[PDB]
Amino acid sequence: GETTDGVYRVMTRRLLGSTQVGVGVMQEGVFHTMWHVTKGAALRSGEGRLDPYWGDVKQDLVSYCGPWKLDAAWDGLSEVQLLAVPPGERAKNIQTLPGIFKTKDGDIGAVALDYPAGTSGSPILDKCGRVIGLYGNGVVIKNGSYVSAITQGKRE
Amino acid sequence: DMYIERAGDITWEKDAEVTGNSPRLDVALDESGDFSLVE
Ligand SMILES: CNCc1nnc2ccccn12
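Protein chains in written order, with the UniProt record's numbering: chain A, 1514 to 1669; chain B, 1418 to 1456.
Here it is in structure tokens:
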């Protein structure tokens, strides 16, 4: 199947028609997505099969074909871009200045952009095009709006 | 059964649409990977 670097839609034919359940990043031959998108299930790319390699429900991340490769981090100051891949719609870059999720274990960047749930797994990029995390695990605030963490894995 | 389809290259785009605010929120992360607001 296709192993070229880039952003990919994650689809299923289990429900009515073809439904986009999420998005992911192919980098260095490894596909990266959020755990809640696939629930750790195997994926197909044309005739090829991608098997899960590493996953963690608490981080809400999973990698296929190899270990997690994304290790760039938000600098805590600059604007970033969400490369949103919405269901049935073209990939589109949206620039924003992240907020912060403050936790008992440290601070994490957060993007206040609201997209359909099937956009989860879309990468967040720094000014050099490096993936600093994936969009799609977050919270609903007072006003009903959605705020996602910039969720990044660890490259061993 | 789940399958993947390419949707694009990963690149920064100059003069992309600029939107969204920057909220500072107190949050908690549970064992199930769910974030919640702390007040
Ligand atoms: C797929 N479940 C996570 C989730 N629940 N609401 C939203 C909204 C946007 C992105 C992700 N979201």
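Built from N, CA and C at the ideal position, the CB exists for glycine as well.
A Cβ closer than 5 Å to some heavy atom of ligand 1 marks a residue here, and those residues are A:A1630, A:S1633, A:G1649, A:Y1659. From the beta-carbon of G1642 of chain A, the residues of chain B found nearer than 8 Å are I1427, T1428, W1429. Per DSSP, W1587 of chain A is not a residue of any alpha helix (DSSP H), being assigned neither H nor E. Within chain B, the residues placing a beta-carbon under 9 Å from that of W1548 of chain A are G1450, ordered along the chain.
Interface residue (Cβ-Cβ distance to chain B less than 8 Å): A1630 of chain A is not classified as such.
Nearest Cα to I1421 of chain B within the set A:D1618, A:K1640, A:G1634, A:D1584: A:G1634. Between the alpha carbons of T1609 of chain A and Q1594 of chain A lies a distance of about 6 Å. Inter-residue distance for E1560 of chain A and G1519 of chain A is about 19 Å (C-alpha atoms, whole angstroms).
In the assembly as shown, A1554 of chain A is an exposed residue. Its beta-carbon has fewer than 16 other beta-carbons within 10 Å.
The DSSP-derived three-state label of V1455 of chain B is coil.
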